[PDB]
file start.json (JSON, C-alpha atoms)
[["chain", "number", "residue", "atom", "x", "y", "z"],
["A", 127, "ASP", "CA", 31.45, 20.21, 14.40],
["A", 128, "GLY", "CA", 33.15, 20.68, 17.76],
["A", 129, "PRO", "CA", 35.88, 23.19, 18.58],
["A", 130, "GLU", "CA", 38.51, 20.46, 18.96],
["A", 131, "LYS", "CA", 38.44, 19.79, 15.22],
["A", 132, "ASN", "CA", 39.35, 23.38, 14.34],
["A", 133, "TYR", "CA", 41.81, 23.56, 17.24],
["A", 134, "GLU", "CA", 43.82, 20.54, 16.13],
["A", 135, "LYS", "CA", 43.57, 21.39, 12.42],
["A", 136, "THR", "CA", 45.03, 24.81, 13.19],
["A", 137, "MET", "CA", 47.79, 23.22, 15.26],
["A", 138, "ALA", "CA", 48.75, 20.88, 12.41],
["A", 139, "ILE", "CA", 48.66, 23.72, 9.88],
["A", 140, "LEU", "CA", 50.85, 25.89, 12.11],
["A", 141, "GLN", "CA", 53.38, 23.08, 12.48],
["A", 142, "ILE", "CA", 53.51, 22.59, 8.70],
["A", 143, "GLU", "CA", 54.02, 26.28, 7.96],
["A", 144, "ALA", "CA", 56.64, 26.74, 10.69],
["A", 145, "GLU", "CA", 58.60, 23.77, 9.34],
["A", 146, "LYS", "CA", 58.36, 25.18, 5.81],
["A", 147, "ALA", "CA", 59.64, 28.59, 6.94],
["A", 148, "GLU", "CA", 62.60, 27.08, 8.77],
["A", 149, "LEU", "CA", 63.40, 24.94, 5.73],
["A", 150, "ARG", "CA", 63.30, 28.00, 3.45],
["A", 151, "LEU", "CA", 65.74, 29.89, 5.69],
["A", 152, "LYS", "CA", 68.05, 26.87, 5.79],
["A", 153, "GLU", "CA", 67.90, 26.57, 2.00],
["A", 154, "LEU", "CA", 68.84, 30.21, 1.52],
["A", 155, "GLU", "CA", 71.79, 29.93, 3.92],
["A", 156, "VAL", "CA", 72.98, 26.68, 2.33],
["A", 157, "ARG", "CA", 72.81, 28.20, -1.16],
["A", 158, "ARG", "CA", 74.75, 31.28, -0.06],
["A", 159, "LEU", "CA", 77.50, 29.22, 1.57],
["A", 160, "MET", "CA", 77.68, 26.76, -1.34],
["A", 161, "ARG", "CA", 78.07, 29.53, -3.92],
["A", 162, "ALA", "CA", 80.62, 31.38, -1.78],
["A", 163, "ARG", "CA", 82.83, 28.32, -1.18],
["A", 164, "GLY", "CA", 81.99, 25.80, -3.90],
["A", 165, "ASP", "CA", 82.60, 22.66, -1.82],
["A", 166, "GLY", "CA", 79.14, 21.17, -2.30],
["A", 167, "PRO", "CA", 77.36, 19.46, -5.19],
["A", 168, "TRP", "CA", 75.67, 22.71, -6.20],
["A", 169, "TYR", "CA", 77.49, 25.38, -8.23],
["A", 170, "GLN", "CA", 80.12, 22.95, -9.55],
["A", 171, "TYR", "CA", 81.26, 24.64, -12.74],
["A", 172, "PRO", "CA", 83.02, 22.25, -15.14],
["A", 173, "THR", "CA", 86.80, 22.03, -15.44],
["A", 174, "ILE", "CA", 89.08, 20.39, -17.99],
["A", 175, "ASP", "CA", 88.91, 16.60, -17.85],
["A", 176, "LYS", "CA", 92.26, 15.01, -17.04],
["A", 177, "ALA", "CA", 91.54, 11.83, -19.01],
["A", 178, "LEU", "CA", 92.38, 13.76, -22.20],
["A", 179, "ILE", "CA", 96.09, 14.11, -21.36],
["A", 180, "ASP", "CA", 98.48, 11.96, -23.39],
["A", 181, "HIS", "CA", 101.08, 10.18, -21.24],
["A", 182, "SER", "CA", 103.65, 8.94, -23.75],
["A", 183, "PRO", "CA", 107.20, 9.80, -24.85],
["A", 184, "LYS", "CA", 106.96, 13.02, -26.84],
["A", 185, "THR", "CA", 110.00, 12.89, -29.16],
["A", 186, "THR", "CA", 111.62, 15.32, -26.70],
["A", 187, "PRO", "CA", 112.67, 14.46, -23.13],
["A", 188, "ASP", "CA", 111.58, 17.74, -21.52],
["A", 189, "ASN", "CA", 107.95, 17.38, -22.67],
["B", 116, "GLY", "CA", 133.90, -8.67, -37.70],
["B", 117, "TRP", "CA", 131.11, -6.08, -37.64],
["B", 118, "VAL", "CA", 127.75, -6.93, -39.21],
["B", 119, "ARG", "CA", 125.76, -4.02, -40.59],
["B", 120, "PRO", "CA", 122.26, -3.88, -39.07],
["B", 121, "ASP", "CA", 119.50, -4.81, -41.50],
["B", 122, "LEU", "CA", 116.40, -2.77, -42.31],
["B", 123, "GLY", "CA", 114.05, -2.30, -39.39],
["B", 124, "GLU", "CA", 116.60, -3.13, -36.68],
["B", 125, "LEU", "CA", 117.98, 0.21, -35.46],
["B", 126, "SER", "CA", 114.40, 1.49, -35.04],
["B", 127, "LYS", "CA", 113.43, -1.29, -32.61],
["B", 128, "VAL", "CA", 112.35, -0.46, -29.08],
["B", 129, "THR", "CA", 114.68, -2.13, -26.59],
["B", 130, "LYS", "CA", 115.07, -2.72, -22.85],
["B", 131, "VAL", "CA", 117.86, -1.26, -20.72],
["B", 132, "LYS", "CA", 119.16, -2.89, -17.53],
["B", 133, "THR", "CA", 120.33, -0.03, -15.30],
["B", 134, "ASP", "CA", 120.94, 0.41, -11.59],
["B", 135, "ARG", "CA", 119.83, 4.05, -11.54],
["B", 136, "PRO", "CA", 116.75, 4.34, -9.28],
["B", 137, "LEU", "CA", 113.46, 5.18, -10.95],
["B", 138, "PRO", "CA", 112.60, 8.81, -10.12],
["B", 139, "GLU", "CA", 109.51, 8.87, -7.93],
["B", 140, "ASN", "CA", 108.26, 12.36, -8.86],
["B", 141, "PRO", "CA", 110.00, 13.80, -11.93],
["B", 142, "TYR", "CA", 107.43, 16.55, -12.48],
["B", 143, "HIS", "CA", 108.11, 18.14, -9.05],
["B", 144, "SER", "CA", 104.35, 18.29, -8.58],
["B", 145, "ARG", "CA", 102.65, 19.50, -5.41],
["B", 146, "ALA", "CA", 99.99, 17.62, -3.44],
["B", 147, "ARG", "CA", 96.66, 17.27, -5.21],
["B", 148, "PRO", "CA", 93.86, 19.15, -3.41],
["B", 149, "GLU", "CA", 91.28, 17.06, -1.60],
["B", 150, "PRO", "CA", 88.24, 16.10, -3.71],
["B", 151, "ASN", "CA", 84.65, 17.03, -2.92],
["B", 152, "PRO", "CA", 82.72, 15.04, -0.28],
["B", 153, "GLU", "CA", 80.53, 13.36, -2.96],
["B", 154, "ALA", "CA", 78.02, 12.29, -0.33],
["B", 155, "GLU", "CA", 75.69, 9.33, -0.83],
["B", 156, "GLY", "CA", 72.38, 8.11, 0.52],
["B", 157, "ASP", "CA", 68.86, 7.00, -0.30],
["B", 158, "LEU", "CA", 66.53, 9.58, -1.82],
["B", 159, "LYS", "CA", 63.47, 10.62, 0.18],
["B", 160, "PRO", "CA", 60.47, 12.69, -0.93],
["B", 161, "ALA", "CA", 60.94, 16.42, -0.58],
["B", 162, "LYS", "CA", 59.88, 17.73, 2.82],
["B", 163, "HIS", "CA", 56.46, 19.36, 2.42],
["B", 164, "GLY", "CA", 56.69, 19.33, -1.36],
["B", 165, "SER", "CA", 58.04, 22.21, -3.40],
["B", 166, "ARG", "CA", 57.64, 24.84, -0.65],
["B", 167, "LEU", "CA", 57.29, 27.44, -3.43],
["B", 168, "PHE", "CA", 55.00, 30.20, -2.11],
["B", 169, "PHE", "CA", 51.46, 28.82, -1.64],
["B", 170, "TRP", "CA", 51.94, 25.52, -3.47],
["B", 171, "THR", "CA", 51.30, 22.60, -1.11],
["B", 172, "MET", "CA", 52.48, 19.94, -3.58]]

call {"tool": "encode", "arguments": {"input": "start.json", "output": "C-alpha cells"}}
result
Amino acid sequence: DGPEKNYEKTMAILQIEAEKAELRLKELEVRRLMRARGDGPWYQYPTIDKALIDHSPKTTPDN
Amino acid sequence: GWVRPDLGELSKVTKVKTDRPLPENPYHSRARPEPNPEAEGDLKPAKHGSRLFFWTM
C-alpha cells in the first residue's frame, strides 16, 4: 500500500499509547493520594455501624 | 380517704407536664465530621481497556 496508510496508523497508535501512559501516571498518583488521605471511595476500611446502638432508657439515668 | 393502688398500676408509664425546657444536646457532643463526597454519575467503558502492560482489551 501507500506510505500514508502506515503514517496514519503510526499516528493513531502513538496517540493511543501516549493516552495510556498519561492515564497510568494519573492512576498511580490518585491511588497514592487516596491511600494517604482516605477521602475517596477507594481504601475505605469498615467502621462500626451506628444503627446497632440502642437508644432507650437504660435503668440508670447516666447511661 | 386514700385508695391503695391495685396490681399493675404503680408500674405504668405516665406523662409529665413540666415547664423545664427540653435539653437540646445532653451528651455534650461535638460536631460530626463531614461525610465522604459519595460522587455519582453514569458508568462509561474503561478508557483503552485494562491498560495492563500489553493487553489492548

call {"tool": "interface_residues", "arguments": {"input": "start.json", "of": "chain B", "to": "chain A", "cutoff": "8 Å", "atoms": "only C-alpha atoms", "output": "list in words"}}
result
residues 151, 152, 153, 163 and 166 of chain B

call {"tool": "atom_distance", "arguments": {"input": "start.json", "atom1": "atom CA of residue 153 of chain A", "atom2": "atom CA of residue 159 of chain B"}}
result
16.7 Å

call {"tool": "axis_aligned_box", "arguments": {"input": "start.json", "around": "segment 154-172 of chain B", "padding_each_side": "6 Å", "output": "lines of an AutoDock Vina configuration file"}}
result
center_x = 64.7
center_y = 18.6
center_z = -0.4
size_x = 38.7
size_y = 35.2
size_z = 18.4

call {"tool": "residues_around", "arguments": {"input": "start.json", "residues": "segment 140-147 of chain B", "least_positions_apart": "3", "cutoff": "12 Å", "atoms": "all atoms listed in the file", "output": "count of residues only"}}
result
6

call {"tool": "atom_distance", "arguments": {"input": "start.json", "atom1": "atom CA of residue 130 of chain B", "atom2": "atom CA of residue 118 of chain B"}}
result
21.1 Å

call {"tool": "atom_distance", "arguments": {"input": "start.json", "atom1": "atom CA of residue 136 of chain A", "atom2": "atom CA of residue 155 of chain A"}}
result
28.8 Å
